[PDB]
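Computation of the quantities below employed the complete heavy-atom set of this structure, encompassing side-chain atoms and omitting hydrogens, waters and symmetry-equivalent molecules. A note on names: the letters A, B, ... follow the listed sequences, proteins ahead of strands, and every chain is numbered from 1.
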Amino acid sequence: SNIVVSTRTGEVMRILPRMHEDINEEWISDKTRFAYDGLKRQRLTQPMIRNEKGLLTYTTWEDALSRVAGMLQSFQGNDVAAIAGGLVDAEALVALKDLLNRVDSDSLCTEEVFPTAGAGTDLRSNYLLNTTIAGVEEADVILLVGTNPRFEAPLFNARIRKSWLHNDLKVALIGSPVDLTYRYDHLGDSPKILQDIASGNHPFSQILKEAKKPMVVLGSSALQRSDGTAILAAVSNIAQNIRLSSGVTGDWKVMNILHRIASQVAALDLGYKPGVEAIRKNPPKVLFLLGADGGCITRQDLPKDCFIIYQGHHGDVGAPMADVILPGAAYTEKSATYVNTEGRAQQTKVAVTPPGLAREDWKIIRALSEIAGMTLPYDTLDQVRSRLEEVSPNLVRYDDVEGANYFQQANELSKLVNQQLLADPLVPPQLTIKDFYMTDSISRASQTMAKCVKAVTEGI
Amino acid sequence: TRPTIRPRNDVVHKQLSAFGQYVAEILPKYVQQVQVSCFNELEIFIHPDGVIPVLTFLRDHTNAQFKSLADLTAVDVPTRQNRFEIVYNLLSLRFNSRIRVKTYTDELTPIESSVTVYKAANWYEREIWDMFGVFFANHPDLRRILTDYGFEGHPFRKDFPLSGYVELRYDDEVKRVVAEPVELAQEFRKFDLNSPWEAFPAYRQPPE
Amino acid sequence: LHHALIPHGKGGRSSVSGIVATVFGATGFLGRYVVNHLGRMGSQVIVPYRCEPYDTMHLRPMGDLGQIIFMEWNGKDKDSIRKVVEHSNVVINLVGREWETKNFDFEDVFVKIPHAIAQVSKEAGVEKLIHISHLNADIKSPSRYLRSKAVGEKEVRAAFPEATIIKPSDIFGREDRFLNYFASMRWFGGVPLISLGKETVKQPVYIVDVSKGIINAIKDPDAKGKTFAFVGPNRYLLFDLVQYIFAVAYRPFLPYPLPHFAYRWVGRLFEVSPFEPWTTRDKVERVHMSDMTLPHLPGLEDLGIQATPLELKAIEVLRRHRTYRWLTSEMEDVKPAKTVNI
Amino acid sequence: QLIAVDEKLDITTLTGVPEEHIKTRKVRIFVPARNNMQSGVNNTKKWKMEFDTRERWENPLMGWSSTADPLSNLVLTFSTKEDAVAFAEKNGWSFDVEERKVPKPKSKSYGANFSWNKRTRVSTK
Amino acid sequence: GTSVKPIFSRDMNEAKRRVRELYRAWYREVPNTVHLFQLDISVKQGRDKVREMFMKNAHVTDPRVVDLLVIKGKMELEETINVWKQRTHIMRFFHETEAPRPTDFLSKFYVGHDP
Amino acid sequence: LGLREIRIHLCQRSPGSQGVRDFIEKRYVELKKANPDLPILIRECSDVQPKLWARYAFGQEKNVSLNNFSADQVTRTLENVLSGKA
Amino acid sequence: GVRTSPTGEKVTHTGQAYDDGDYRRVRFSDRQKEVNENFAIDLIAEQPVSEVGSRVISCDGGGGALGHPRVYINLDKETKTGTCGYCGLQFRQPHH
Ligand SMILES: NC(=O)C1=CN([C@@H]2O[C@H](COP(=O)(O)OP(=O)(O)OC[C@H]3O[C@@H](n4cnc5c(N)ncnc54)[C@H](OP(=O)(O)O)[C@@H]3O)[C@@H](O)[C@H]2O)C=CC1
Ligand SMILES: [Zn+2]
């Protein structure tokens with residue numbers, strides 16, 4: 001969502017909506033509006049290392065960078081891995097990719113899981129919301145699979161409600177019968193139903209066939225479960241059946257994926273491996289936690305005497321388990337590029353500078369590279385964005401959302417794997433409003449969201 | 001409409017319109033526009049090449065006799081290709097009248113000095129050069145007048161920051177006054193005062 | 001790092017440097033330069049003073065609003081020292097006198113006071129201590145000044161093991177007693193020199209270099225428990241140095257040899273002044289003593305300071321001693337002096 | 001007579017700006033967004049040119065907000081985007097330009113509040 | 001013809017000749033400035049400062065900009081010769097008090113956020 | 001020697017990428033069948049030029065232009081990149 | 001309602017007090033810290049609640065034109081008094 005940060009004397013005062021007719025219209029989410037105070041609560045301000053007693057203690061930038069560089073120079077290849085968090089910018093992602101490549105490492109992963117079978121991340125349209133948000137107001141039917149769009153993407157749900165109200169849009173859901181603020185046809189929560197729709201046995205399959213502009217949306221939260229590849233294959237089968245029966249209506253792009261992580265799409269565009277399984281297969285000796293506060297990897301899943309480096313802006317579940325802490329900037333403290341769930345690249349602006357000794361993330365990575373001897377070829381923001389263009393050109397087009405349709409190739413490549421589905425009902429992580437308020441480090445540090453959760457749990 | 005509204009004077013308006021037409025007729029080569037404001041002020045917009053002729057006419061013609069130069073100054077409008085606007089205010093004691101002559105220039109195009117027509121211009125032009133960087137050709141002595149010695153830049157330009165670029169302090173190591181990059185204990189607090197609602201419908205611009 | 005002490009700004013007057021420095025002897029020759037350099041970067045400077053507050057006026061324009069705090073202190077009172085060093089993370093000791101008063105002798109200003117400062121700073125949680133000694137300080141010198149310097153240096157080291165000790169040699173500057181001292185003896189007709197000053201070697205150092213070295217040692221993590229020697233790039237014979245001094249000042253140079261006992265007697269005669277003595281016996285001893293060479297010690301070049309030669313800075317001190325005839329003479333007109341370099 | 005200069009306009013050496021504040025500065029050219037708290041649109045007509053935000057810190061005395069860059073409050077107003085771009089180029093500043101965002105024309109119908117069969121019928125007034 | 005009129009020079013050659021005249025005048029003036037203002041710098045130091053100030057604008061290709069630069073330099077010289085400037089103004093050209101700002105990436109990263 | 005990933009940056013509607021487009025829509029799938037573990041990132045170029053990137057061990061990478069190529073030309077250069085032949 | 005910080009520093013009505021490790025306390029050495037002794041919150045808490053026999057009351061702070069702009073307070077809630085948004089005076093209807 002396009003926003004306005006209003007500051008005064010170098011302090012964030014409030015967040016307001018900024019009108020974008022194609023993304024958020026005139027509205028923002030409550031998490032967007034009221035979670036900014038979490039940027040003042042549990043902040044990493046100075047570098048930290050472990051002392052002789054095994055406790056985190058403050059340190060100059062020079063010594064922490066030298067320690068990390070010395071540990072990086074020892075190991076190489078598969079022994080060095082990095083996990084990116086949910087609020088990581090494209091510049092930091094590409095800097096970390098380059099830094100780990102100079103060591104000949106490819107274990108660059110994200111906590112959010114996307115299936116790699118078939119095309120995987122090879123084709124962009126495989127993991128994008130191809131119809132786009134504004135295109136929702138053109139569809140005549142939409143099928144939702146294994147998601148709660150109300151809490152995962154509140155403005156997307158608002159757009160769906162708007163089309164339901166004005167365009168008489170027909171909505172169906174496969175999953176838990178959550179309250180979406182509009183009436184929908186609930187088909188159930190068993191994933192097998194998807195296969196039934198593809199088969200044509202199900203009543204709803206005919207409904208998709210008659211529709212001129214059908215849309216199928218698969219939430220990335222359903223892809224987090226064990227049979228995510230099978231679910232994606234079934235959804236692609238449904239979309240391909242629609243395209244084969246009704247023919248090509250044009251540039252309609254039936255198939256969609258709804259993301260919930262701000263950093264996921266940029267990481268996939270840059271070539272990061274989705275999921276963590278690559279690290280669990282080959283545990284590393286040095287681990288970079290670029291704002292990774294999801295708790296997917298702990299010290300039980302790693303070899304003992306593992307050198308964990310955390311780089312972020314908040315003290316959360318990922319910081320106390322690290323050996324070196326490098327304080328980074330938040331999204332209000334840097335000019336950073338984030339890519340939309342529909343693929344639209346946008347850039348933030350600096351409202352205030354990072355507190356204390358905190359620095360920009362790509363600058364941290366570049367300084368570490370220079371200390372370690374493998375200096376990266378970029379010194380300024382323009383040069384690192386030139387590198388971003390070199391890796392993925394769409395990351396420098398800052399309002400473009402057009403892209404290619406490679407659904408045929410992805411569908412063909414998804415048929416070579418025949419993984420079995422699970423007989424486990426689809427349950428989204430967010431089931432009621434109470435689960436909506438705290439999702440990431442900033443909103444968990446926010447005292448306003450604690451009040452919201454308390455008020456929802458006991459109304460009083 | 002009587003008590004709180006400033007009264008009108010149509011006689012002066014008619015006289016000023018007639019004289020503006022007169023001046024435009026006599027000098028078609030340089031006069032580009034003539035205006036009379038609602039409070040009876042006559043304005044003449046001319047090409048930059050007509051500074052010396054027009055002013056000379058306005059000083060020496062029997063019907064003009066604008067013997068006094070009240071004020072000469074510049075206005076900075078960055079959105080215009082010709083950034084700077086040169087304004088001459090003249091007073092006629094014989095006919096008890098005031099006139100305004102406006103021309104334009106940019107950062108690199110010199111303006112002809114009007115010292116020969118009016119002696120009073122000598123300092124004003126200097127001030128313009130000091131505050132906006134407009135060069136005046138054939139000035140007897142053109143140099144900085146208001147700023148400090150060795151001052152870099154022209155403060156009255158819109159892109160010049162309010163507090164400037166350098167500040168002064170006494171240093172005891174060198175035993176003298178030194179200039180350093182400006183640093184403020186309290187930054188100037190910019191205020192957004194403009195209302196999001198239109199105030200004067202009469203001045204509304206076409207919406208393109 | 002105590003967030004309130006995290007550096008902020010561009011290193012200017014209104015910036016925050018993260019340094020809270022108590023500068024003892026800030027109303028002296030070196031103290032003004034040290035306080036000026038500290039206040040340039042925007043440091044909180046605490047000035048303990050025992051003189052009249054008027055004599056501190058020149059130190060007030062050197063810092064931003066609230067960045068220079070003047071407090072009274074007594075050298076013999078440890079409570080005063082604790083009061084002035086309680087909130088500081090750096091303590092610099094520039095206390096010293098070139099003569100003995102009826103209240104303080106050489107072992108009072110160079111042994112007792114430095115030891116008390118070091119001990120109170122160590123027990124008050126001060127992190128960094130800078131102590132100034134002399135290059136020629138040793139316990140077997142004929143000068144009681146230098147013997148007290150050496151004793152106080154070792155006592156400060158004992159009380160504050162991780163202290164930084166800096167040993168300059170013959171600091172020259174506008175308010176010095178090195179160039180001004182030799183320029184002022186023109187009023188006695190001739191220049192008395194022991195053995196005509198042909199057996200003495202001096203290596204004077206610029207005042208700005210010493211202040212910069214102190215500031216750099218403050219912000220150098222590796223300089224915790226080291227000992228530095230601050231010397232100039234050139235070594236001169238005393239005769240050549242004084243001749244160059246008189247040449248820059250454009251005064252007639254009429255040196256003559258004076259025996260050691262006679263010069264010591266004139267120093268004792270001048271010692272009787274209840275005010276600042278023109279010269280003393282200890283001053284005579286230190287002037288005619290060769291500068292020690294300690295190559296094993298770190299120097300200014302190890303703190304990033306390139307020592308400024310006397311030739312580029314003698315005019316700024318000695319132009320005041322010229323007459324009206326020679327007042328406008330330039331710098332490169334005086335034919336730099338002969339150097340005993342290695 | 002005219003001399004026919006065929007070079008790019010560059011007044012950088014004449015403005016007296018320190019070279020630090022010419023090469024490392026990034027300006028933004030944009031039409032400001034409407035304040036979402038009011039419906040007035042009079043502040044979204046002209047183009048603005050502003051500079052990148054620099055560091056602000058707290059004064060050790062009184063806790064005021066101190067700055068070190070002179071262009072913190074410099075905002076310029078232009079009638080068209082091309083004028084702002086020309087000004088930035090001739091002043092030697094590197095710029096980023098955001099296209100104007102105009103609200104789409106809406107289709108409003110009062111009678112739609114009382115539809116016989118559509119979903120737009122309201123439940124209260 | 002781009003409809004642009006000159007100040008003094010019509011091409012780069014005349015502008016270069018005016019630059020050379022101004023440079024000669026400054027080079028001749030430097031020793032008198034050192035003597036009159038009682039500066040603690042050498043004549044070579046002042047002449048190198050003049051050379052640096054002239055070379056700071058070596059990239060200009062517009063004769064009008066070169067003309068305006070020469071005019072400003074003439075005013076500066078006229079200020080210096082007539083002793084309108086003071087020792088402080090003359091010594092501002094050297095920045096003796098300003099601490100040198102490091103230019104490499106690591107030092108900028110250590111001190112703060114400015115590029 | 002050791003290839004790690006390859007990138008095809010093709011511009012969506014410019015004529016110079018037309019042949020490249022044909023490749024992606026005719027014989028990319030077969031290629032992905034042959035190299036099921038090699039990242040082959042298909043990305044959308046601006047109005048400038050189509051090109052192919054090849055990254056090797058320790059971060060070394062090189063690019064080749066694909067302007068006005070044909071499907072045969074692009075598969076030829078891709079197979080040259082894949083094998084130890086330039 | 002001044003209280004003493006653990007370090008011994010007086011706490012202002014805004015609640016500000018330098019910590020033990022804060023060097024900025026050195027400005028109060030040989031001098032004093034200025035703390036206003038009359039706490040407005042405690043002073044306004046001492047005022048008795050005014051009983052009125054109307055649903056809506058008016059407050060101008062006293063003194064007529066020397067007070068604050070006149071405002072009207074609703075007193076329909078029985079579990080909470082009506083507070084003036086300028087003066088802090090409390091009003092309520094007869095209950096019990
Ligand atoms: N100048 C030189 O040639 C070099 C200096 N030395 C050492 O460098 C240090 C500083 O040098 P410099 O500035 O020239 O010396 P100064 O004589 O110029 O100043 C000495 C400072 O110490 C203070 N001070 C002196 N005695 C006492 C006392 N009994 N109690 C409290 N404060 C006192 C003075 O305060 P007040 O004004 O009130 O008297 C004064 O502020 C000294 O320790 C000196 O020994 C090192 C090598 C030579
Ligand atoms: Zn009231």
(request) For the pair C:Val20 and G:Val26, evaluate side chain to side chain contact (heavy atoms under 4.5 Å, CB included) and give the outcome as yes or no after the intermediate values. (result) CA-CA 10 Å; C:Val20 186; G:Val26 76; 5.6 Å; no
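- Enclosure of atom CD in C:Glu162 by more than 12 non-hydrogen atoms of other residues, nucleotides or ligands within 6.0 angstrom is indicated.
- Checked by atom type and distance alone, the side chain of C:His2 pairs as donor or acceptor with a backbone atom of G:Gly21 at under 3.5 Å.
- Separating the OG atom in G:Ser29 from the CD atom in C:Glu86 is a distance of 6.5 Å, to the nearest 0.5 Å.
- By the 6.0 Å contact criterion, OH on G:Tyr86 is open, its count of non-hydrogen atoms from other residues, nucleotides or ligands being 12 or less.
- Summarising the local packing, CD of G:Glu34 is surrounded by 12 or fewer heavy atoms from other residues, nucleotides or ligands at distances under 6.0 Å.
- G:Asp22 approaches C:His87 most closely through the heavy-atom pair O-ND1, 4.0 Å.
- Of the inter-residue distances, the one linking C:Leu5 atom CG with G:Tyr23 atom OH reads 6.0 Å to the nearest 0.5 angstrom.
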